[PDB]
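The chain below stands alone and is given in structure tokens; this is the form deposited in one PDB entry.
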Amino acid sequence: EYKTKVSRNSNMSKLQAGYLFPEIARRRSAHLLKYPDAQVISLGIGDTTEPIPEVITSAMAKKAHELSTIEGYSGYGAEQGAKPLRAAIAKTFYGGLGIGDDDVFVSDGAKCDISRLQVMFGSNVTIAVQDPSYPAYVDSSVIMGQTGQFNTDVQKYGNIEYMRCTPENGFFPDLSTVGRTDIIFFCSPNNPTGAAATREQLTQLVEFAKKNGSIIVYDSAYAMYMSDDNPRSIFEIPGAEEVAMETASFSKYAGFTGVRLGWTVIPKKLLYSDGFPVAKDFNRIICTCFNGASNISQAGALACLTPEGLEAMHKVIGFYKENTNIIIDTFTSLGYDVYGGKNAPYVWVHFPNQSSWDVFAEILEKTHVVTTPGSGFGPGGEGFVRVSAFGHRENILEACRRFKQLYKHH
């Protein structure tokens, strides 16, 4: 066979396996081949299941109709997003925190912003991540050339600072033990653990970044699931504007997982070591590497940020939070150490003395319920399984009765 003379990107060669979530989808497919008549329930991939509120879909259909009229048609938008949407996001989520409309960058979702940030930072930065955390932070770091090879002894890529988050430290890094890096990816409420950092912990985080001269990339994708009285934005911490940016999404708020709309906030006072503002480089990336979020998606997001939209999102979130309660009560009743599930739609269940991939396979095999193994989120996730609360109510209730059946003699 003919082959080109182009070398494969050696950073792609570093990746130890495929992306976690497509692999979960594939195991579930293999399970259906083995058990063709199984009624599979997915509590694995964190994918919204309830319809989008009518107030929000109406706005999107209205925008679609407008695009077929002379007066309503619009072509390219500013890559940073429509000014009224940037203004609505700035006021609704960061009002009083010193964020202007021009600090807000509208994206087609937080996953894409993470990779665009990584392009901006480039191959020469070192990163820290929570261990465990959402696998896109690590995988994007490897792809950008920020890492060494994968070490199978410790299940870690070289040159990444994995900050262990455990029951024994309250799922917050012991920062006095964390080495200095350029970037710190920090998700709160955390995926997979569900842990939301307190005001005091986030204060420690900002102070740590300030003394180390690091940039925090704060992922607030689940902030609106907060029940405890903890900050929802890193910008609630005085000083955060000198060291932090924030990335968020409508995915888990309005069910926009397939619609695609998020944003990133980069404050004016965030500067590189030579004094150059980080936001100006991000702006170059988004003007060169992106052509803006869909105009229909932006219209839907604008409708979210109204009294009626906010009420609708609250009801959606509240529904998934009640699912979470059902799951937590189930595992606690079965005698498990169960974590998260208070400030997040994920429950983090401790399966000590077992490998999480084995627990995943056992649950799927015996109950036909898909979960997510903790080790897919890094080596600190080993011994845990993440259970997602996104599902129809009857599906959650049925999943929990299957768990009860399975685990009654444990």
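Numbering starts at 1 and follows the sequence shown. For the two forms, the rigid core is made up of the largest set of C-alpha atoms that agree within 1.5 Å on superposition.
Heads up, the form deposited in another entry isn't pictured, but that's what we're talking about next.
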Sole residue of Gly258, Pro238, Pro84, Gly122 shifting 2 angstroms or more in CA between the shown form and the other one, core aligned: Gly258
So the Cα-Cα distance between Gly258 and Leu15 shifts by 3 Å or more in that other deposited form; is it shorter or longer than what we see here? farther
Answer with closer or farther for the CA-CA spacing of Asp139 and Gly258 in that other deposited form compared to the shown form; it moves by 3 Å or more. farther
